[PDB]
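Asks: Dumping the structure here so I can ask a few things about it.
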Number of protein chains: 2
Amino acid sequence: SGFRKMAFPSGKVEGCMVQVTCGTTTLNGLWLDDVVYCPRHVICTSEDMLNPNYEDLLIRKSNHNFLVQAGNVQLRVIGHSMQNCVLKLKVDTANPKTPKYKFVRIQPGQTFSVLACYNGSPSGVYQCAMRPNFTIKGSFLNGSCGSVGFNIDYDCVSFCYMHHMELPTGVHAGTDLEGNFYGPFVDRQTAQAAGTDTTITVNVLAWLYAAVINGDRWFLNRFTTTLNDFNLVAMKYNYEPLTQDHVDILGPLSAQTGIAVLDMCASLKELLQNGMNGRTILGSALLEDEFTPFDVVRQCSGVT
Amino acid sequence: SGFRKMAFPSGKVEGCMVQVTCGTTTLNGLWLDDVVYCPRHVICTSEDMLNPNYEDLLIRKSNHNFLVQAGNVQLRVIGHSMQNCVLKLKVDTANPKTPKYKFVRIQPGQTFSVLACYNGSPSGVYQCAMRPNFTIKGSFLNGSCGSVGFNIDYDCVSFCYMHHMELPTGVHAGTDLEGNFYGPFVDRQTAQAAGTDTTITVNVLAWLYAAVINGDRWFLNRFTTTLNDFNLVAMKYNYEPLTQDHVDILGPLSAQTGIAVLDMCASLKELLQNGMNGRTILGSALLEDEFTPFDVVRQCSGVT
Ligand SMILES: *CC(=O)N1CCN(S(=O)(=O)c2ccc(Cl)cc2)CC1
Ligand SMILES: *CC(=O)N1CCN(S(=O)(=O)c2ccc(Cl)cc2)CC1
């Protein structure tokens with residue numbers, strides 16, 4: 001028993017982190033096979049970052065300007081290209097620690113582990129979700145750019161995030177590993193406001209299922225609702241609309257607990273309308289929305 | 001910016017996890033040099049666990065009864081001994097992935113990373129604290145015993161916990177790596193109630209400092225207090241008494257923010273007396289107490 005915000009073991013990703021320096025800018029790179037992936041703003045002088053022309057800036061850069069260090073050993077750069085907002089640095093040596101991997105572009109509501117790094121050195125690991133406004137609520141200081149987000153399916157690391165930007169509101173923006181920003185964000189020091197941070201309804205319901213499985217049941221009530229009725233309450237509280245797809249995804253948790261999805265919707269409705277009344281659920285005083293149905297099933301069944 | 005419950009990178013510990021089987025009981029072991037550490041209850045049949053005599057049970061066990069598997073390769077057991085509540089299995093091969101390590105016995109309030117494992121395979125990593133009642137609030141199912149808690153100081157892993165027990169209240173009890181239980185707990189299926197789970201006052205204050213550093217300041221007030229006055233409020237709310245030692249430990253965070261420790265004590269006092277009034281601090285609706293002053297400084301300054 002017990003339910004914790006759990007990151008994937010970070011070992012497979014630790015073995016991929018390198019330091020990239022171009023000029024004075026030092027940040028992190030991801031070394032997979034003979035390619036080092038890093039944010040393209042590594043070529044910027046913070047002055048550039050006001051309105052950088054990346055193609056023009058890159059013209060002034062040679063293979064030998066990209067200083068790539070894996071632990072205490074330098075990698076030889078034999079090629080460089082720009083793909084969207086990342087640089088791909090071809091090195092003469094395949095990373096011998098390259099795990100089985102994929103690049104996936106995640107959807108909002110999907111969760112992932114971040115390995116926060118500085119100078120290509122891992123400092124910590126935490127669990128995030130891609131917010132409905134395509135920001136993440138991370139922990140990133142200067143030097144952390146090029147830190148990656150990932151899921152592991154047994155032996156296969158799916159990389160879904162590279163850290164690029166902090167917004168003046170202290171939330172985080174980044175790319176998938178093809179260098180396309182999540183959401184409308186750009187690698188430029190400009191006025192970029194996040195949209196509404198809506199709550200991931202299906203994740204809240206998953207975590208309510210986790211709570212029941214783990215003994216926290218005080219919030220279960222005698223009520224049910226409909227998708228359309230529940231969704232009027234969701235709209236009012238800046239929750240994502242709940243779809244039949246979400247209901248279907250919660251099927252396994254429904255089955256295991258014997259609580260119909262719409263009954264748990266009715267529990268969530270009363271919690272939204274009535275608040276927690278100073279009580280907690282799985283040690284939280286708010287409704288947690290950074291566990292997916294898949295995360296709950298994984299943790300509650302002990303998959304490795 | 002941003003402040004997250006952050007685990008240490010788990011790679012160095014992943015390389016130490018093995019599977020230990022004695023009879024039908026499978027759980028995890030920690031392979032350091034040529035020794036495998038695991039809970040002694042691995043020799044029990046759950047029936048035994050009602051009132052096991054471990055010395056007597058162990059007499060019936062030989063080196064060849066301890067099946068030790070590191071990934072898909074079997075380790076040869078050439079010795080076994082009992083130290084307190086752990087077994088030490090001598091194997092004929094030093095773990096080639098053995099990191100620099102220490103065994104430390106932590107104090108209540110101190111935090112650490114758990115690498116939850118099943119069949120010697122890492123499933124996830126999360127941050128814990130040793131509670132003032134010597135329990136931890138973990139996420140552990142059957143097969144997770146022998147999972148370890150740890151801190152990393154650069155290259156040195158300090159192992160502080162091995163998982164042994166869940167209490168009927170769904171909290172967790174375990175040993176340091178010399179096999180001595182934290183608190184009064186015993187590896188026996190009996191009536192074992194946790195004491196008061198008091199809040200780690202110094203950790204709450206550290207996290208209030210983290211909040212101010214990261215932009216969350218609404219809770220700062222025009223008040224100060226004294227240690228003795230604050231402590232009357234702590235007693236009333238089942239908070240640990242705050243000592244001059246705690247004040248001194250918070251010195252660096254005090255310095256950096258320019259908020260005197262006793263002023264922040266006065267902020268915490270009003271929060272205890274008045275509640276959050278439906279507001280949040282660093283995305284929490286309650287006062288977080290599983291960040292040490294050392295954790296806050298580490299995360300806020302980007303140590304690797
Ligand atoms: C995003 C990231 O981690 N980095 C981009 C900014 N650089 S930097 O070298 O321009 C720099 C800016 C500000 C400070 Cl305080 C220090 C460095 C660092 C890498
Ligand atoms: C603590 C731990 O992880 N383990 C001790 C109990 N054993 S077991 O083999 O006795 C066992 C008990 C109950 C179930 Cl459902 C399955 C196994 C497992 C390891």
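Please note that chains go A, B, ... in the order of the structure tokens, that every chain numbers its residues from 1, and that ligands are numbered from 1 in the order shown.
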Do you know which residues are within 10 Å of ligand 1 using only C-alpha atoms and all ligand atoms? Can you write them as a count of residues only?
Replies: 36
Asks: Give me, as number ranges by chain, the residues of chain B touching chain A, with the criterion being at most 9 Å (counting only C-alpha atoms).
Replies: B: 1-15, 115-119, 121-127, 137-144, 154, 166, 170-172, 214-215, 275, 278, 280, 283-286, 298-304
Asks: Rounded to one decimal, what separation in Å do you get between atom CA of residue B:108 and atom CA of residue B:134?
Replies: 6.4 Å
Asks: Show which residues sit within 12 Å of residue B:233, as a PyMOL selection string. Count only C-alpha atoms, and ignore same-chain residues fewer than 6 positions away.
Replies: chain B and resi 201+225-227+239-242+265-274
Asks: Once DSSP has gone over the backbone, tell me which residues of stretch 48-182 of chain A are in alpha helix (DSSP H), as a PyMOL selection string.
Replies: chain A and resi 54-59
Asks: Rounded to one decimal, what separation in Å do you get between atom 19 (C, counted along the ligand's line) of ligand 2 and atom CA of residue B:51?
Replies: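 That distance, rounded to one decimal, is 16.8 Å.
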Asks: Counting only C-alpha atoms, which of B:73, B:68, B:87, B:94 gets nearest to residue B:34?
Replies: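 Residue with the minimum atom-to-atom distance to residue B:34: B:94.
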Asks: List the spatial neighbours of stretch 179-182 of chain A as a tab-separated table (two decimals) with C-alpha atoms, in the first residue's frame - criterion: any atom at most 7 Å away, only C-alpha atoms, same-chain residues fewer than 6 positions off excluded.
Replies:
chain	number	residue	atom	x	y	z
A	83	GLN	CA	15.97	20.37	-36.85
A	84	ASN	CA	13.22	22.81	-35.69
A	85	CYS	CA	14.46	24.15	-32.27
A	86	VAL	CA	17.15	21.45	-31.51
A	134	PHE	CA	1.37	22.94	-23.10
A	173	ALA	CA	8.24	25.33	-22.11
Asks: Residues of stretch 65-189 of chain B in strand (DSSP E) according to DSSP, as a ChimeraX atom specification?
Replies: /B:66-70,73-75,77-83,86-91,100-103,111-118,121-129,148-153,156-166,172-175
Asks: Between atom CA of residue B:156 and atom CA of residue B:101, what is the distance, to one decimal in Å?
Replies: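 Separation between atom CA of residue B:156 and atom CA of residue B:101: 5.1 Å.
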Asks: Contacts of residue A:110 at 12 Å or less, counting only C-alpha atoms, minus same-chain residues fewer than 4 places along, as a PyMOL selection string?
Replies: chain A and resi 104-106+127-132+134-136+149-151+160-161+200-203+289-295
Asks: From the options B:255, B:264, B:90, B:189, which residue's atoms come nearest to residue B:223, counting only C-alpha atoms?
Replies: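 Checking each of B:255, B:264, B:90, B:189 against residue B:223, counting only C-alpha atoms, the winner is B:264.
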